[PDB]
Amino acid sequence: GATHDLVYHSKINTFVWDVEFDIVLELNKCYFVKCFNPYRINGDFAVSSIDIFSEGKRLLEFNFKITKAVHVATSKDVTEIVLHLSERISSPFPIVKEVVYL
Amino acid sequence: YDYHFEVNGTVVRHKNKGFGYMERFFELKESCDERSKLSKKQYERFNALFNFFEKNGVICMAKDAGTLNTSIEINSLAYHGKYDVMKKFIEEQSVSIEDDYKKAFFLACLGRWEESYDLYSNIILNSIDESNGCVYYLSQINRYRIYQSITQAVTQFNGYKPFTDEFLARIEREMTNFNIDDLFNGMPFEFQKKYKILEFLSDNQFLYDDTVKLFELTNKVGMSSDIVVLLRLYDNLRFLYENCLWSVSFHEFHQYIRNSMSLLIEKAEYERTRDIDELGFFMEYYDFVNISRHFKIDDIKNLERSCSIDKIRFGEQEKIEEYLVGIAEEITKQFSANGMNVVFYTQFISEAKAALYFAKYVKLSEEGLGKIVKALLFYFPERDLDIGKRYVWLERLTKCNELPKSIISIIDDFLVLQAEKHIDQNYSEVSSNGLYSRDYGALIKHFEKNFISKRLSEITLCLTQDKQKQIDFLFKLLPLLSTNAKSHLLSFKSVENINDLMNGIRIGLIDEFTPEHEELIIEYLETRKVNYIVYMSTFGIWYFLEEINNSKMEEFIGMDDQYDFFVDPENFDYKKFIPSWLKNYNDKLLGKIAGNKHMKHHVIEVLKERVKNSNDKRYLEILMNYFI
Amino acid sequence: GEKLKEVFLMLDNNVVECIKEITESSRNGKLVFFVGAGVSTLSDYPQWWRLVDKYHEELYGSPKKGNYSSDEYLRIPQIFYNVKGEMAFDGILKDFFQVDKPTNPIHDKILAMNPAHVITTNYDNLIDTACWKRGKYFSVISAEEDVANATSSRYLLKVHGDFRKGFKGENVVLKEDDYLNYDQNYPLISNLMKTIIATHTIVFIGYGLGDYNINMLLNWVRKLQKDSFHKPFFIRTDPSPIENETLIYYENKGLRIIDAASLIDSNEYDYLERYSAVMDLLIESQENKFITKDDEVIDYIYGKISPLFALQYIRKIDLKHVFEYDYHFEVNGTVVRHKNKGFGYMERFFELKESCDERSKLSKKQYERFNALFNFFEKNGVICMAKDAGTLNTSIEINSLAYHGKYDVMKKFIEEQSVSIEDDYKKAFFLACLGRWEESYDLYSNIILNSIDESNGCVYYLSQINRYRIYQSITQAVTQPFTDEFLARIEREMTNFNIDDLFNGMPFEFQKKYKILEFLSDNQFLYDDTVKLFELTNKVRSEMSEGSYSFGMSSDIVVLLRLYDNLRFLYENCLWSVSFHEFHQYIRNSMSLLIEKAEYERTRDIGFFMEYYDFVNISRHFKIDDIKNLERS
């Protein structure tokens, strides 16, 4: 029940909200940031560039079946809503934890 | 409640029942003959009042005008930064109590709050006997202001110990019942009518009047209200800085300047963009200093995402250059050896971050950009500005200016320095963006395109196979080094890695399609078919831009619709293409989707449909710039 | 802390009463301390017996055989002054009294009881320079011509003089010689001392019972009449407990003894902890950490809220100024805590509001007071604190016939006969609204003339303010209708109006109970929510350029509810200052930026649902061109 922090940042169709992922792509304590550089010099052809953290970079292969998501500072895992918002949005990385907006 | 005194120096009359005495004053000021017919002492007094009203800018009344010019000039070394001159001015010996007062304010500005408190208390103790109690009264006020400053310093920074707990208990012992509201109403009879106008300095929320005047600049409005509010703004800054008041640093003032040039810039935006019908705010040095100092970084970003500041012209570029060279030089002295005064650090870093953010629009010079870029990359600390945001700031700086050779040499020195810090196999490369040093390489590959590194090539020639991260840092920055170096680390290659070297091309492998690797792409598509029968769009994009020459990707169409969307555009059904899928493409890729014929005919319909649905304007801006 | 709590539990009845009257006299702004040497000598200040020593052995040689009696303390230096000379006497005074001693910590708490005046029998620079440091001004008087320059209304009455004008024996009262003819050398400090003593609450701290000053004062007050003077207080900090008989005797001459030796258990040379024992027992009574049970919390709220049972509606910004920098009162009806050192009394109030059982266990009168405070805080919308929420609803309702137009009902309400002075007040405001300024002026003047005798001067004060407001209205009407008899009469009688000291001429009751109404004697009190509108500028109006459907609570509901707080204040308290240009400026710009931000909110796709009150505000406070400007924006 952490809908009081859930945004729908929609220049890049994300959901900026601090959760902590547990993925199988086996890992623990993953959180994501995303960029918005549409004027990126020589950096593939995409604006958004994920920068997956695992307390530092993972140095990234990828099937991203998330196993356990839990909201920071208010517990009781929000995994059903993460699957629901994963089902609605057909994009890479629905729940991103920060957005830079370059 | 006599004559209204206007913001341009003019005087109009109001509620004065009696002789026009200002009128006889200005008539005696104009003609010398009437000025002559007077006794000695009050002719000298007329010279004194004359010097006063020319010093405060108050000129002849509203009967005669046309040459109304307002050249604003804050002559204070605390406004222009000038920190090394400030310290220099501190260490001399005082001769007067006014010198004591300015030294107390200057020393208060540059992070030294204790000695300024003590010098304040010295002014209180050594001027109570002497008359004209303004310097005394202002010293008292400022002493309580710096007391609130210090207790704010133990309010926040303990949430390292800046001050010792002897001083922090002494002032808390002596200043913990301060009720300033009757301070002026305990001053003598002389100081209760002569300096009766200073009664707002025993309060803080005296900002009300010009704040409501800003709301005229809201309330929905030759000469406009802009020059009124701007000159009243400069009146405020010249007051709080030339009278050396410490209440300039509290939050209400930064609130006021913040919102003031917020609405001035928003109204210039609402002024030149009046061109519905027929078809401003020229920056000077003081506007640059105010934007750098009183705004924050996010707020200047907010002004850029609200008002087109690229339209806004800039003047006096050499003095702005002196402020930026001075601000970078003071960064250099801040981190040459030592001096990390945490107070002055927090202030000076906020100003330096904002000024270097706003320095994009400024036409810098050769050596200026040299000192700025050098102090930005080398000396400027971490934990506030990290290595990705130095590409934000740096690329922001190094786009408006045509890059000189020395700047590329300095950035090369930064890359060699980062390689010399990748000699330890624990170097984290922290980044709050996701931008990294490969983008620094991309910068040099953008503005030179033919740059061969020399000493980095020497590092790759003496490269040893015992430091993997070092090799990796030489391996992401691949298109910069010599051919023998290419033999050396291109020997250090693993070709079986399909989609690491892909997954984000993390090394810059887009330089070549080494043909076994594109056949590797093809056989990967065969493996896709294999693990079908009973990331990926990038492959499709690499077919879309005429890069991979094998066409049999049409056999692998049937799993990903976006794969069909870049491989076979004709036969793909343009009725279930999700639009989402377009807010994540580059300007070149959207330009080349716009460069087709059967693509555009359908995406105009779907994109216009999603624009037409509620209000989506990413689709409308792409629709008006790429697709049209 | 807990020790002094037990001291408060183990007080006598009369002691607790004395703590009450010293504390409430501290709260009235009327509490004059008459301090002495025992307060000043714990800053290690040289006492007089050392000077009788040094002037003695510089007179006779031959150090003292036994001890000195009373008169020798005045007699032996007097000998020196007559025989040895001026400059030797002033030189020895210059030696012993050239000290730069720091302050006694009880000086901090004497000056923390909000004193009206400070009368001293000292010779130093401790209290005054301590007052310069603690940012107050006390008029430092030590001479005849110092009285003529009474630079403030707070006096530091040094009745014996001071060494400010040099270390000269001519300047201070030390010899016998000045105690003999004291009513011939300082006649005006005498008259001012009698003045301040007769007109205040006097507290004696640092003296011995039988000191010559106290003997003179008791002689004078026994020459006075007996119904008239306020009996002063004697705080006795001696090493010995006072016996009952001299206590009863000094109760009969007019003093009230609060003993300090009988409250604590202290040593013989332990003065400082005894001074600080009584003085902290007073300070903590101000800070109300001695408030423990139901009848102690429910009255302290009542004693600050029963004044505001008269007004119709009070803002939630000013209600912070009622409970002086206590709990922050938010714009949704929630209460959060801030700077309250003491018992959570609002917390016990809301817990007593929730459960009925604790609400039951109380006496009759203050259960009725709890019903009254309850009706108040539900009427102003102030609900339970931030620990429990979710049903936070703000249904705004201005119940006034001057907001909804209702002009025919207004005239109908005018023509009936009044029964109260409040009915007179609303009829005056209504009749002022519908273009009738003269009869509303006269009815205002009727409220001034017929409520000056009766208490609770809020209706009186607001009538005065509104009468000047309607005066400014009428002179605006001849600035830009009325007969020139009236227009010359009010211009005859209202042409020097300086409202700035009107509230600071109101009685002691109307200077603290309705102290929050002090902005009504001004106009540019709109500053706060105006800067809050600039938060709605400061770019949380950023929210367009980045897509953000941010589902929660923004600054919009804050500024909107503060707007409705403003309108409900100025219309339900029937204030005529709602029609002046600054208010229309404020509402104008307020819904300007609210509508502009809703424009900067739904168009983030790279709100502001109108009700009746929004329609009335748009029609009334905007102009035609400005609504056109909103349509073109």
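Calculation notes
Residues numbered from 1 in each chain as written, not as in the entry; some residues may be left out. Chains lettered and ligands numbered in written order. Part of a larger assembly, values for the part shown. Heavy atoms only, no water. Residues with missing side-chain atoms left out of burial classes, pairs and counts. Helix = DSSP H or I, 4+ residues; strand = E, 2+ residues; numbered from the N terminus. Rg over C-alpha atoms; globule rule 2.2 N^0.38 Å. Contact = heavy atoms within 4.5 Å. Buried area = accessible area lost by both parts, 1.4 Å probe. Salt bridge = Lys/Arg side-chain N within 4 Å of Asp/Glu carboxyl O. Polar contact = N/O pair within 3.5 Å; in protein donor to acceptor, adjacent residues only side chain to side chain. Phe/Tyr/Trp six-rings, centres within 6.5 Å; stacked < 30°, edge-to-face > 60°. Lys NZ or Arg CZ within 6 Å of the ring centre and 35° of its normal. Patch = residues over 30% accessible without salt bridge, like charges linked within 9 Å, V, L, I, M, F, W, Y side chains within 5 Å. Areas by Shrake-Rupley, 256 points an atom, 1.4 Å probe, with all protein chains shown as cover. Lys, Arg positive; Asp, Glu negative; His and termini not counted. Charge placed at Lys NZ, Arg CZ, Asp CG, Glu CD. Buried < 20%, exposed > 50% of the residue type's maximum accessible area, 1.4 Å probe, protein only. Nonpolar A, V, L, I, M, F, W, Y, C, P; charged D, E, K, R; others polar. Pairing = 2+ DSSP bridges. Right-handed = clockwise from strand over helix to strand, strands pointing away. Axes fitted to C-alpha atoms, helices over the stretch in contact; angles between N-to-C directions. Parallel < 35°, antiparallel > 145°, perpendicular 65-115°, else oblique. Left-handed = near helix turned anticlockwise from the far one by under 90°. Core = buried A, V, L, I, M, F, W, Y, C linked by side-chain atoms within 4.5 Å. Arc of directions from axis to C-beta.

- This entry lists cryo-EM as its structure determination method and reports a resolution of 3.49 Å.

**Focus on the overall build of chain A**
Moving on, step 1. When its secondary structure is counted, chain A shows 1 helix and 4 strands.
Moving on, step 2. Taken from N to C terminus, the helices and strands of chain A fall in the order β-β-β-α-β.
Moving on, step 3. The C-alpha radius of gyration computed for chain A amounts to 14 Å, which stays within 12% of the reference 13 Å derived for 102 residues, consistent with globular compactness.
Moving on, step 4. Projected onto the principal axes, the alpha-carbon positions of chain A cover approximately 40 × 30 × 25 Å.

**Focus: the interface of chain C and chain B**
Moving on, step 1. Each side of the interface is counted separately: chain C has 47 residues, and chain B has 48 residues.
Moving on, step 2. Note on chain C versus chain B: buried area summed over both sides is about 3,900 Å², and carbon and sulfur give 53% of it.
Moving on, step 3. Contact with chain B buries surface across chain C, with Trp 132, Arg 134 and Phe 534 of chain C losing the most and accounting together for 18% of the total.
Moving on, step 4. Across the pair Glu 546 of chain C and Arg 305 of chain B runs a salt bridge, and its minimum N-O distance is 2.8 Å.
Moving on, step 5. Taken together, the links from chain C to chain B amount to 18 residue pairs in polar contact.
Moving on, step 6. When residues of the side of chain C that touches chain B are traced back to their parent elements, those giving at least two are helix 8 (127-133), helix 24 (527-537), helix 26 (581-602) and helix 28 (624-631) of chain C.

**Focus: the packing of aromatic side chains**
Remark: the centre distance and the inter-plane angle together describe each pair of aromatic rings, the angle taken between the planes.
Moving on, step 1. With the rule as written, the count across this model stands at 107 aromatic pairs over all chains.
Moving on, step 2. Taking 5.8 Å as the distance between ring centres and 70 degrees as the angle between the ring planes, the aromatic pair formed by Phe 572 of chain B and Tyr 574 of chain B counts as edge-to-face.
Moving on, step 3. Centre to centre, the rings of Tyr 249 of chain C and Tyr 250 of chain C are 5.2 Å apart; their planes meet at 45 degrees, and the pair counts as tilted.
Moving on, step 4. Here the guanidinium or amino end of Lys 87 of chain B rests over the ring plane of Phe 344 of chain B, the centre of that ring lying 5.5 Å away.
Moving on, step 5. Between the NZ or CZ atom of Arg 315 of chain C and the centre of the ring of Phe 569 of chain C, over which it lies, the distance is 5.8 Å.

**Re a negative patch on the surface**
All names here are of chain B.
Moving on, step 1. Negative charge collects at one region of the surface, where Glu 23, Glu 27, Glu 30, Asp 33 and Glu 34 lie side by side.
Moving on, step 2. When contributions to the negative patch are tallied by element, the ones reaching two or more residues are helix 1 (21-30) and helix 2 (32-36).
Moving on, step 3. Looking at which element gives the most residues to the negative patch, the answer is helix 1, with 3 residues.
Moving on, step 4. Along the chain, the position of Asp 33 falls in helix 2.
Moving on, step 5. Residue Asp 33 is classed as exposed on the basis of its relative accessible area of 59%.

**What to know about a positive patch on the surface**
Moving on, step 1. A surface patch of positive charge is lined by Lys 57 of chain A together with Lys 469, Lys 476 and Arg 506 of chain B.
Moving on, step 2. Checked against the element boundaries, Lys 57 of chain A lands in the loop between strand 2 (33-34) and strand 3 (70-71).

**Observations regarding the interface of chain B and chain A**
Moving on, step 1. The partner chain A presents 27 residues to the 33 residues of chain B that form the contact.
Moving on, step 2. At the boundary of chain B with chain A, total buried surface from both sides reaches about 2,600 Å², with 52% on carbon and sulfur atoms.
Moving on, step 3. Interface area lost by chain B to chain A is led by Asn 433, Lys 583 and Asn 586 of chain B, which between them contribute 19%.
Moving on, step 4. For the side of chain B that touches chain A, the secondary structure elements donating two or more residues are helix 17 (389-400), helix 19 (437-447), helix 24 (536-544) and helix 26 (587-593) of chain B.
Moving on, step 5. It is helix 19 of chain B that provides the largest number of residues to the side of chain B that touches chain A, a total of 4 residues.
Moving on, step 6. Residue composition of the side of chain B that touches chain A, grouped by class: 14 nonpolar, 12 polar and 7 charged.

**Comments concerning the pairing of strand 7 (residues 256-259) of chain C**
All names here are of chain C.
Moving on, step 1. Taken together, the 4 bridges between strand 6 (residues 233-236) and strand 7 define a ladder with parallel strand orientation. Residue pairing across strands places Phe 233 opposite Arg 256, the latter belonging to strand 7.
Moving on, step 2. Note that the unit made of strand 6, helix 12 (residues 244-252) and strand 7 has a crossover that is right-handed.

**Overview of the pattern of salt bridges**
Moving on, step 1. This structure, assessed with the given rule, holds 46 salt bridges over all chains.
Moving on, step 2. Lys 552 of chain B serves as the salt-bridge partner of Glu 526 of chain B, at 2.7 Å between the closest nitrogen and oxygen.
Moving on, step 3. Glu 526 of chain B gets classed as partly exposed once you look at its relative accessible area, which sits at 31%.
Moving on, step 4. For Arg 134 of chain C, the salt bridge identified is with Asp 108 of chain C, shortest N-O distance 3.2 Å. Placement of the pair is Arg 134 of chain C in the loop between helix 8 and strand 3 (139-141) and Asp 108 of chain C in helix 7 (residues 105-110), with a sequence separation of 26 residues. Pair check on accessibility: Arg 134 of chain C and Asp 108 of chain C agree, each one buried.
Moving on, step 5. Salt bridges sharing partners connect three or more residues here, namely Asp 84, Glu 329 and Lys 333 of chain B.

**Re the sheet that holds strand 1 (residues 32-35) of chain C**
Residues and elements named next belong to chain C.
Moving on, step 1. Reading across from one edge, 3-4-2-1-5-6-7 is the order of the 7 strands in this open sheet, with parallel pairing throughout. Lying at the two open borders of the sheet, with one neighbouring strand each, are strand 3 and strand 7. For this sheet, the mean angle separating the axes of adjacent strands, direction not counted, is 20 degrees.
Moving on, step 2. With 3 bridges joining them, strand 3 and strand 4 (residues 155-158) adopt parallel strand pairing.

**Some words on the packing of helix 25 (residues 556-572) of chain C against helix 26 of chain C**
Residues and elements named next belong to chain C.
Moving on, step 1. One can describe the packing of helix 25 onto helix 26 by two numbers: an axis separation of 11 Å at closest approach and a directional angle of 155 degrees. Taken together, the axes of helix 25 and helix 26 lie roughly antiparallel to each other. The handedness of the crossing between helix 25 and helix 26 comes out as left-handed. Together, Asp 556, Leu 560, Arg 562, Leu 563, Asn 566, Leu 567 and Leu 570 of helix 25 and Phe 583, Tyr 586, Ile 587, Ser 590, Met 591, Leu 594, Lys 597 and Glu 601 of helix 26 make up the contact between the two elements.
Moving on, step 2. Classifying every residue of the contact of helix 25 with helix 26 by side-chain character gives 9 nonpolar, 2 polar and 4 charged.

**A look at the nonpolar core**
Moving on, step 1. Within the largest apolar cluster, 249 residues are counted, with the highest numbers of intra-cluster contacts made by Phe 105 and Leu 324 of chain B together with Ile 301, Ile 305 and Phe 429 of chain C.
Moving on, step 2. Sequence-distant contacts of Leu 324 of chain B, defined by excluding residues within four places in its chain, comprise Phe 288, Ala 355, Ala 359, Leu 364 and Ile 372 of chain B.
Moving on, step 3. Residues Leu 51, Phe 97, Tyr 182 and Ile 197 of chain C belong to the second largest nonpolar core, which totals 47 residues.

**Brief notes about helix 24 of chain C**
Moving on, step 1. For helix 24 of chain C, the set of buried residues is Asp 529, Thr 530, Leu 533, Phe 534, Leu 536 and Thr 537 of chain C. Looking straight down helix 24 of chain C, one finds its buried side chains confined to an arc of 165 degrees; they lie on one side.
Moving on, step 2. Buried-residue contacts for helix 24 of chain C involve helix 9 (208-218) and helix 11 (251-272) of chain B together with helix 25 and helix 26 of chain C.

**Topic: the side chain of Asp 529 of chain C**
Residue and element names in this part refer to chain C.
Moving on, step 1. Counting through the fold element by element, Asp 529 comes out in helix 24.
Moving on, step 2. For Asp 529, the side chain forms a polar contact with the side chain of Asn 566, separated by 2.3 Å.
Moving on, step 3. Residue contacts for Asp 529: discarding those within four places in its chain leaves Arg 562, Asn 566 and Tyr 586.

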